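Topology and contacts: notes
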Amino acid sequence: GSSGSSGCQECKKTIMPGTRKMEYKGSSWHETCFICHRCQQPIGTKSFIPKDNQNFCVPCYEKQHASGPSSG
Ligand SMILES: [Zn+2]
Ligand SMILES: [Zn+2]
């Protein structure tokens, strides 16, 4: 609301100051809402490759930019 000048992007909800959030480019994402785009899992705080407008883990991202001309 007022006290908390923060907000989520996924569920566009008010991220309380108590829970953990992922601040990326001014925007924020609930510790969960920040799940992966491939495995759809809550990466959280670990080795992960943040995509321009998405998020992919190490094993997931690699697949996106790995030997594989087939996509669609
Ligand atoms: Zn959210
Ligand atoms: Zn993943």
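Rules used in this analysis
Bear in mind the residue numbers are our own, running from 1 along each chain as written, so they may not match the entry, and residues with no coordinates are left out. Going through the entries in the order they are written, you letter the chains from A and number the ligands from 1. Calculated side-chain values reflect all of the structure's heavy atoms, with hydrogen atoms and water omitted. Atoms of type N, O and S within 2.8 Å of a metal are treated as its donors, and for Na, K and Ca the window is 3.2 Å; water is not considered, so some sites may appear to be missing partners. Each residue's exposure class comes from its accessible area (1.4 Å probe, protein chains only) as a fraction of the maximum for that residue type: buried when under 20%, exposed when over 50%, partly exposed otherwise. Secondary structure is summarised from DSSP: a helix means a run of H or I of at least four residues, a strand means a run of E of at least two, and numbering begins at the N terminus for each. Should any heavy atoms of two residues lie within 4.5 Å, those residues are considered in contact. The rule is simple: four donors are tetrahedral if all their angles sit between 85 and 135 degrees, four are square planar and six octahedral if opposite donors span more than 155 degrees and the others lie between 65 and 115, and anything that fits none of that is irregular. Each pair of aromatic rings taken from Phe, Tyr and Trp, with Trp reduced to its six-membered ring, is defined by centres within 6.5 Å and is described as stacked if the planes are under 30 degrees apart, edge-to-face if over 60, and tilted in the remaining cases. Side-chain atoms within 4.5 Å link the members of a nonpolar core, which is a set of buried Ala, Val, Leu, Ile, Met, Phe, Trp, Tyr and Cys residues.

For this deposited structure, the header cites solution NMR as the method used.

The protein has the name Skeletal muscle LIM-protein 3 in the PDB entry, where Homo sapiens is given as its organism. The title given for this PDB entry is "Solution structure of LIM domain in LIM-protein 3".

In this section: the coordination of the zinc ion (ligand 2). The protein atoms that coordinate the zinc ion (ligand 2) are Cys36 (SG), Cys39 (SG), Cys57 (SG) and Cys60 (SG), at distances spanning 2.3 to 2.4 Å. Read in sequence order, the donor residues coordinating the zinc ion (ligand 2) give the pattern C-x2-C-x17-C-x2-C. We classify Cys60 as buried; its relative accessible area is 7%.

Below, the discussion takes up the side chain of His30. Topologically, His30 is positioned in strand β2 (residues 27–30). Once residues within four sequence positions are removed from consideration, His30 is found in contact with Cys8, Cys11, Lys13, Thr14, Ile15, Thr19 and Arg20.

Time to look at the coordination of the zinc ion (ligand 1). Ligation of the zinc ion (ligand 1) by protein atoms is provided by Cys8 (SG), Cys11 (SG), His30 (ND1) and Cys33 (SG), these donors lying 2.3 to 2.4 Å from the ion. Around the zinc ion (ligand 1) sit four donor atoms; with metal-centred angles ranging over 93 to 118 degrees, the donor geometry is tetrahedral. Within one chain, the residues serving as donors to the zinc ion (ligand 1) are arranged as C-x2-C-x18-H-x2-C. Here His30 lies in strand β2 and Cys8 lies in the segment before β1 (21–24), a separation of 22 residues in the sequence.

Considering all chains together, one arrives at one aromatic pair under this definition. Between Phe34 and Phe48 the ring centres are 5.1 Å apart and the planes differ by 90 degrees, which places this aromatic pair in the edge-to-face class. Here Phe34 is found in the loop between β2 and β3 (48–51), whereas its partner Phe48 is found in strand β3, with 14 residues between them in sequence.

Attention now moves to the side chain of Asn55. By the secondary structure assignment, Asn55 is in strand β4 (residues 54–57). Beyond its immediate chain neighbours, meaning those up to four positions away, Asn55 contacts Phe34, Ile35, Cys36, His37, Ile43, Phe48 and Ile49.

Looking now at the nonpolar core. With five residues, the main nonpolar core is built from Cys36, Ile43, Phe56, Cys57 and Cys60. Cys36 has contacts with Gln41, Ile43, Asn55, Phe56, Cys57 and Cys60, leaving out every residue within four places of it along the chain.

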